[PDB]
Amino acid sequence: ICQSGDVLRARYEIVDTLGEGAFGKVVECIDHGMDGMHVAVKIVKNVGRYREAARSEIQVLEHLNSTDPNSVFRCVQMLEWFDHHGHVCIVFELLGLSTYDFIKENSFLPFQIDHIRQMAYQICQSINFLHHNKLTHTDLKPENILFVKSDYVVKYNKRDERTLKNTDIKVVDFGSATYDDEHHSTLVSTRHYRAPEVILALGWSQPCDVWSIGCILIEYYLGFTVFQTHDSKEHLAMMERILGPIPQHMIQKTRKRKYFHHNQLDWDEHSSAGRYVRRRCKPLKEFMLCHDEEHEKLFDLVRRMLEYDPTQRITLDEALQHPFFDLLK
C-alpha cells in the first residue's frame, strides 16, 4: 500500500512521509524516471467519498495547469496522476513547509509586517486568479499556503529565531474548490477560517475566500489562531468581540435560529466560555503590536476582508490595489 522504499508507477520511490490527513498521505518520492529529482505525491485512501472527490480535485488542477501552465498565479503544479490499486495518486512539485508549520517550528513567532505584505500580495493574486476563473477555493488556511523553499537563517536573539531567505508561496489543496455554476456545499472551510455567511448558512461564493485570507493575515501578524473554538455560537461571539455586532439583515436572513434571541446573539459574556472569549479576543485595532502607518494600513485591509456582509466585503481586485501594497510598487 504505502512503504518507505515502495515504488509507484515503476518510477516514484517513497523515501519520507511529509504529512497525513483524513484523505490519506502526502509523501516525498525520488523520481527515477527524471534522473533522481524529488517530488511530492498525494496518496488518497480507498474510501469511495475521497476517491470521487480526488477526481474533482484532479479536474481543477488540470484546469489551473491549462489556464496557467507556468504558475504565474502561484497555484501548485500537478505533474501527473494515476491509480495505484484503488488509491488515487497525485504527483506534485516538491515545496517547502506550510506557512503554519514554519510559525510552529519558529516558537510560534509572527511574521514581520514586510514578509506579511509580500505573502499577502501573492495570496491575493493567486486567489484572485481563481475568482476570475469562476472558482472559489473554500478552504484557505495557513496549512494550505506553502513556501516554495523553506530555507532559513538562524539568528541568536530568548534564544534561536528564524528568518526566510525567500517568502514566495504556493497555494495547495484544491479538493474543495467549487465553480460558480456547480452545487455548493452547505458547510465549507476549516472552522477557524470560516466566514459568517457559511456559519449562518446564507449561501456563499467568492467572498468567503476573502474572509479566510483576512483570518490568515491576522494569524501571520500575531502568530496564533484568532478564532480558537469548536463551537459556532462561540465563534460568532468571537467575531462580535473583535468586529462589533453582526448586521441585523443577516440575523433576519438566517435559518439558524438557535444562535439568536430577539435578533441578538444568544451569548452570555459572564460564563466560563464567555470569559474564554474575552481573554482570547478584543476589538480588532487593539491587536496592533506597533502603531505605525503601515500597520494601520494592514489593519484597514484586514477589517475590509472581515466585513460581515459578503456583498460588501472587499473583493480581491480591490484588495490588490490597497494602500498597504503601495510599498511593493
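Position 1 is the first residue in the sequence shown; the rest follow in order.
Q: As recorded in the PDB entry, how many deposited residues are without coordinates between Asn157 and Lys158: none, 1 to 3, 4 to 9, or 10 or more?
A: Per the deposited record, the segment joining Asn157 and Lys158 lacks coordinates for 1 to 3 residues.
Q: In the PDB record, does 107 to 115 or 228 to 236 carry the higher mean Cα temperature factor?
A: On average, C-alpha B-factors are higher across 107 to 115.
Q: Quick one: say whether 74 to 82 or 163 to 171 has the higher mean Cα B-factor in the deposited entry.
A: It is 163 to 171.
Q: Just say lowest, middle or highest third for the CA B-factor of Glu307 relative to the other modelled residues in its chain.
A: Within its chain, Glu307 is a lowest-third residue by C-alpha B-factor, going by the deposited values.
Q: With respect to C-alpha B-factor, does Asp180 fall in the lowest, middle or highest third of the chain as deposited?
A: Middle third - that is where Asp180 ends up once the chain's C-alpha B-factors are sorted.
Q: Sorting the chain's CA B-factors, does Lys141 end up in the lowest, middle or highest third?
A: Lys141: CA B-factor falls in the lowest third of its chain.
Q: So where's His192 on the chain's Cα temperature factor ranking, which third?
A: For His192, whose C-alpha B-factor we compare with every modelled residue in the chain, the answer is the lowest third.
Q: Can you tell me whether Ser212 has a C-alpha B-factor in the lowest, middle or highest third compared with the other modelled residues of the same chain?
A: For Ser212, the deposited C-alpha B-factor lands in the lowest third.
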